[PDB]
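Enquirer: Protein chains in written order, with the entry's author numbering: chain A, 21 to 1012; chain C, 2 to 153; chain D, 82 to 157; chain B, 79 to 157.
Even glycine gets a Cβ: it sits at the ideal position worked out from N, Cα and C.
Can you keep this structure in mind? I'll have questions shortly.
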Amino acid sequence: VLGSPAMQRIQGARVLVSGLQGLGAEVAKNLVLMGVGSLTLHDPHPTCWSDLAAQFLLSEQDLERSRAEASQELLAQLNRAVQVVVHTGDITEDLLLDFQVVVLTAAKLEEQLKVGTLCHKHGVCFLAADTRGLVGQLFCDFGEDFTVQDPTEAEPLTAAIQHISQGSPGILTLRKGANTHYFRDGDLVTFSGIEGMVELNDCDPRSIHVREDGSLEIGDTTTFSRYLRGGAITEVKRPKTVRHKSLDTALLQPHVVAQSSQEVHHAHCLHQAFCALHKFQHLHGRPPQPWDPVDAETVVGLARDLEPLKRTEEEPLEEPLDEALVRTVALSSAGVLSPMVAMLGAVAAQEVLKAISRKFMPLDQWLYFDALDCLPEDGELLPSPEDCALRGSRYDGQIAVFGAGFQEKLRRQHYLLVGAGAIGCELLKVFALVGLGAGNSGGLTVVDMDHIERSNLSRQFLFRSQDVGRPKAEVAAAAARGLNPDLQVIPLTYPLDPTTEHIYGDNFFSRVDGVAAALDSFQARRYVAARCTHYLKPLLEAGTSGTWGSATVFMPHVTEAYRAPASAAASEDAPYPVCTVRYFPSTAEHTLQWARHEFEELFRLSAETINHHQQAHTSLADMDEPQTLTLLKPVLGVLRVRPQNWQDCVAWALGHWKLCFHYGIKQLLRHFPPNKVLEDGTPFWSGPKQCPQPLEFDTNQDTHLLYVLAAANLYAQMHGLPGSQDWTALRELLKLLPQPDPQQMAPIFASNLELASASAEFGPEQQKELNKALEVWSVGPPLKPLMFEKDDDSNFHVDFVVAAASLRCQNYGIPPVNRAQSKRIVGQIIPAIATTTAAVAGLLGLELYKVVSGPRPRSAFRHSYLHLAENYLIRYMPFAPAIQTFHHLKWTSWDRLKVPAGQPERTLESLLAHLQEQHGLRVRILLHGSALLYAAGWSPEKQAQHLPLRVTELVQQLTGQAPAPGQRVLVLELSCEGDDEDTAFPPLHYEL
Amino acid sequence: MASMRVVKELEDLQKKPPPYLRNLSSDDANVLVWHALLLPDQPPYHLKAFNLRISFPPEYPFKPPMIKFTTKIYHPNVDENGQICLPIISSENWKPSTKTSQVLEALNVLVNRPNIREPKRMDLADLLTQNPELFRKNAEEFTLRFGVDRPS
Amino acid sequence: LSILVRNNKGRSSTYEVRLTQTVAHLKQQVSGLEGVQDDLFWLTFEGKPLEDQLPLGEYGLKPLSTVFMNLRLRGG
Amino acid sequence: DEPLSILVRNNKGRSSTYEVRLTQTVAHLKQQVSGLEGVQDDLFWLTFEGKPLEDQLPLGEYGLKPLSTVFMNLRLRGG
Ligand SMILES: *OP(=O)(O)OC[C@H]1O[C@@H](n2cnc3c(N)ncnc32)[C@H](O)[C@@H]1O
């Protein structure tokens, strides 16, 4: 998230990015997006053709120009805060001393070693990334003493304190939860909220000891005061230290980052291959020619010549060098690809930010990404030097690795990018650079129903700041066409949801060759996967959260169908229980949703109750109008007349706070004592875990004032009077009035002589007063309802709801709201990190290569999952499709039953007989959507009434709709006699 | 799809209907809507019957069914609109395992034994805990005024 | 021409709605037929919310419009 | 038939010593992990030595030696 400690250091850092090829451009773009204060580029070499297949900043008109100078304009335009300068000299000690990070991207071994030694000598973090075809390389050295300050991507833990006793151990017990198991002995803890133990707050962090049955201790608390109740205990992180060997030393004894042992051996082979390539470049001057058989033999010979004793002596290799691997790497080491560049640039920029902000565990000096699977299989034709020969097109970087045939196959494609938020935008960049649909026989399509926001454009490159309001689809299409002039993007604004099944149906999905879904929800992903399964279309799905990332491919009939986490899909749109709202928000999250929904029901419905409904057809004689008027009018002031007073004061805010917390809690206590239940009399536990107290406002405390400000500003904005921010003068005014309540204690509750109002004792006088207030509001100005807007800070919504939640949770003894809960809330969500977005986009680009390549086995495809904070990356081949069977019928999750209708449309009996005989299955329930067509427990009369009819006519008669003009198939779900409540039979495609 | 599961549940429950529930029916057009006559056992609700309406969202069984008392019923934790605060239906105790049969059994228990722990009508819950005699008075009146005649 | 009208309860029940007739005089009849309070849900096509003061011609109600309503509020 | 103690690693930099058996199933391991971490089974999966774990196979096939860290990976929704 946005941590001020780390962000203060981020802006004050300076990073040099040498060798600004495609990989360097990716690293610089990610750094600029994340907001690195200064960025000195360095690449005096002229732009070539092969740099136009991976680098997006350079265009065709920037040919024969310095890459750094050409990219400077666009890189500065990306974010104005970043001061992207270009250095035209040479990498000298004076230059290296001033910077904080130095990234040599795609630089020769000589320069790598020289700059690495120079940087490791003084203080400078050094990275050396390089992509050679389909294999990457990253090295990170951060000196002999680099102290990370927060080694995990997790908020410090917090737990509600139940009770603490005094003694030598000072054992305290806490409420049951996952935090009880999470807490471990030897940790470090602090305390901030507690009733009792006054000076224990703000004390030094202290260790703990874990005992059985979830027993914890703090130490010696006997000397201290009495303890009433416990708010929370917070864990404290322990700064770690790392020492990295310099480059010249680590090049001999590499320490690779891997999650296995076989992968470590594979990375050792890759490292040997890269060293062989560097030695070849030093011995011959030129890189290996594209797919040249002669050069590959020289490279593998050099790999053998590389010292076998160069390897570690404490662990001999199980087998000598992998000749096949080295030969393949040499053969494909000609060009530079766009997805690989995105992936490695994402990882390198994440490492640079790790170095800059002293956050997250840094990489252990070596990472090797292998993606050779995208090459054609053994049986198929490997690309030749003749078609890999460069011609002069922008895609000759890709050609030198894959071939002109593959380039043409990529060019002749139709795809459908569903969603272009952030992953969609970067997938669009990858598609434009690759050449997906850049011909006349191909094309593209972008589907988005949103509009650019000031919050979204923060870390997005396709969207500018002058586009707020215009559709994301249209802006992304324009950006993609600007990137690749030959591309044909067709922006569509209509979303992909079950309602819009007449636009995106048959005719639409018949042209598309694949689908790429970068969506921000689970239900949308499940729907898109269902459509892709129904139409048998390849699907590429990505998802990011913080520094997490997932990229998956679901090719039909080879890979398992996408299955959504139904629990989370339902949780996305689900109401919260009302018991916590009424009397027990046991946690800060329930008190938060209580505040949100209480504000919603008090403001949004107020606008409709003042004017529309009252003035149109109804009066106080409706179901309960007095209650609706009471929940809004008196709590916001007696009023009853046109308010000539300024709508920005404290007279009504404090009364509302009194009614919200103090009066509410007192009323609840009068309803039932906090310790006893009247009906129970002698319950199992008298007052179990519930002891609410009324709160008294303190002017000094910040939460109470911030709530007052927020309420006053929002009320002014809502009534329409120009509201001024109280934080300058009116906060001091409300502090100047310390005791407005003692003079207005009794009358403000209800009318003038209603201390408690008993039960419906308000009477006709109060009813007529409410009616008069309604009439006055109806003849007065209309209050305008407002929605939850995170971008507009002036509305004071997030602060108001957070303050209310904190106040009520402290009233109930609940620990205060933390930023983690607000982040977990769907609203006020943080943008995805540019690094993980680029990583998933690059992995999806590799999957696109594999998909476009043609008919491929399942073992060729890979699903990837990464976590950049922990440097944990996996790329695993996916499972086979599930095989479900009932009796003699066998099926998977992709196949479908296809029964024809016939020129004379068959009847229900005909369809049933066809099923029963052909596929040997006796149908018991035949559903069309949510419409029954034939049961088995149905009465014989009903069966003889429905059965003689025909299916198309029956659907008409039941639904009341008509067959769609151009309808091709009707999907019906069928069950069987004697089947389990889990077996899902394949959907029946009645071919009408 | 949840529709097949709902159809299977209704067909299973029709052959052995619970004693307190009669004419558990649904329209073939929309099978995710059950109509039923709750028949209480404990007075004064024992006199009449109440038509309820169970609605199954397409996310079933991962989304609790919504129960609404179409007939006006005098219950401390049932709103005049017919909404019900059954603990299992609330999104804190819901599991896909729990069936609508169990939910309806809990509903019968709730109707026969008025609840005060979670009052949807806190006002009337207060009147209940203060003057249960006045509560029986209004209960009898509302049952005889709105309740549907009890079928055989 | 026919325009797809659907309800949030799973039943479409398409109704005769034309551009030559004001949308208000048709939505009031639809709400009266359904029986649910209009303030519960706002009718919306393609994701564009509808306001009491909002011209439909500016947003261009498409034939076969994807009009659907979203449940709101908290009755209980 | 002898039991072992694996260390399931939570997604927020935490580990926990579960006591399982080589004759159990990844489904049982997932149930224990879910129960301890307050997460739904269908929302997360768990991986070991890079490769993921199918929740229908015994843990013996996957080579879980004692004192092993089975990572827990969450299904991501942000886009
Ligand atoms: O990059 P991100 O995570 O913000 O992605 C969100 C984008 O996805 C689009 N989206 C979300 N859901 C859908 C559906 N159902 N159909 C089409 N597009 C969709 C958002 O509009 C956003 O651009």
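#1: Examine ligand 1 and report whether any of its heavy atoms sits within less than 7 Å of the Cβ of A:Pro-491.
#2: Quick one: what does DSSP say A:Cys-145 is sitting in, helix, strand or coil?
#3: Taking C-beta pairs closer than 9 Å, name the residues in chain C that A:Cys-599 reaches, listed in chain order.
#4: Looking only at its own chain, which residues have a Cβ that is under 8 Å from the Cβ of D:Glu-115, when we skip the five neighbours before and after it?
#5: Would you kindly work out how many angstroms separate the C-alpha atoms of A:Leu-741 and A:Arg-839, rounded to a whole number?
#6: Could you check what DSSP says for A:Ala-174 in three-state terms: helix, strand or coil?
#7: Note down, in chain order, every chain D residue with its Cβ under 9 Å from the Cβ of C:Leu-33.
#8: Examine ligand 1 and report whether any of its heavy atoms sits within less than 7 Å of the Cβ of A:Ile-443.
#9: Buried or exposed, going by whether 16 or more other CB atoms sit within 10 Å of the CB of A:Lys-374?
#10: For C:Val-7 versus C:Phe-63, is the C-beta distance shorter than 8 Å?
#11: Taking the continuous alpha helix (DSSP H) assigned at C:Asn-113, which residues delimit it?
#12: So is A:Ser-281 buried or exposed if we call it buried at 16+ other beta carbons inside 10 Å?
#13: For C:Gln-15, return the contacting residues in chain A, with the cut-off set at a CB-CB distance below 9 Å.
#14: Quick check on A:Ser-358: buried or exposed, where buried means 16 or more other Cβ atoms within 10 Å of its Cβ?
#15: Report yes if the CB atom of A:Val-319 is closer than 8 Å to the CB atom of A:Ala-287, and no otherwise.
#16: Return yes when at least one heavy atom of ligand 1 lies under 7 Å from the C-beta of A:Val-467, else no.
#17: Do we get a CB-CB distance below 8 Å when we pair A:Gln-981 with the residues of chain D?
#18: Counting only Cβ-Cβ distances shorter than 9 Å, please list the residues of the region 459 to 478 of chain A near chain D, keeping chain order.
#19: Under 7 Å from any heavy atom of ligand 1, does the C-beta of C:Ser-27 make it?
#20: For the region 981 to 1001 of chain A, which residues have a beta carbon sitting closer than 7 Å to at least one beta carbon of chain C?
#21: DSSP has B:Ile-84 in a bridge; who is on the other side?
#22: Grouping DSSP H, G and I as helix and E and B as strand, with all else coil, what is D:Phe-126?
#23: Cα separation between A:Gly-441 and A:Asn-504?
#24: Please list, in chain order, the chain A residues whose beta carbon lies closer than 7 Å to that of C:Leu-128.
#25: Report the residues of the region 112 to 126 of chain D with a CB closer than 8 Å to any CB of chain C, ordered along the chain.
#26: Mind checking if C:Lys-9 is an interface residue toward chain A, Cβ cutoff 8 Å exclusive?
#27: What span of residues does the alpha helix (DSSP H) with A:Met-54 cover, start to end?
#28: Based on the DSSP secondary-structure assignment, which residues constitute the bridge partners of A:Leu-61?
#29: Can you find a C-beta in chain A that's less than 8 Å from the C-beta of D:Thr-103?
#30: What three-state label does DSSP hand A:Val-121 in the structure shown?
#31: Would you call residue 1045 of chain A buried or exposed, if buried means 16 or more other Cβ atoms sit within 10 Å of its Cβ?
#32: So does the region 92 to 110 of chain A actually touch the region 57 to 72 of chain A, counting three or more Cβ pairs closer than 8 Å?
#33: Decide if A:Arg-87 is buried, meaning its Cβ has at least 16 other Cβ atoms within 10 Å, or exposed.
#34: Determine which residues share a DSSP beta bridge with residue 1029 of chain A and list them.
#35: Which value, in whole angstroms, describes the spacing of the CA atoms of A:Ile-945 and A:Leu-158?
#36: Any beta carbon of chain A sitting closer than 8 Å to that of D:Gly-141?
Expert: Quick answer:
#1: no
#2: strand
#3: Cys-86, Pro-88, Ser-91, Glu-93, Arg-118, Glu-119
#4: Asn-88
#5: 33 Å
#6: coil
#7: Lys-90, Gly-91
#8: yes
#9: buried
#10: no
#11: 101 to 113
#12: exposed
#13: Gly-957
#14: buried
#15: no
#16: yes
#17: yes
#18: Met-469, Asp-470
#19: no
#20: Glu-993, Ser-995, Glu-1001
#21: B:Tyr-96
#22: strand
#23: 19 Å
#24: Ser-779
#25: none
#26: yes
#27: 42 to 54
#28: A:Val-37, A:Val-106
#29: no
#30: strand
#31: Examination of residue 1045 of chain A is not possible in this model, given that chain A is present from 21 through 1012 alone.
#32: yes
#33: buried
#34: Residue coverage of chain A in this structure runs from 21 to 1012, which leaves residue 1029 of chain A outside it and unanswerable.
#35: 59 Å
#36: no
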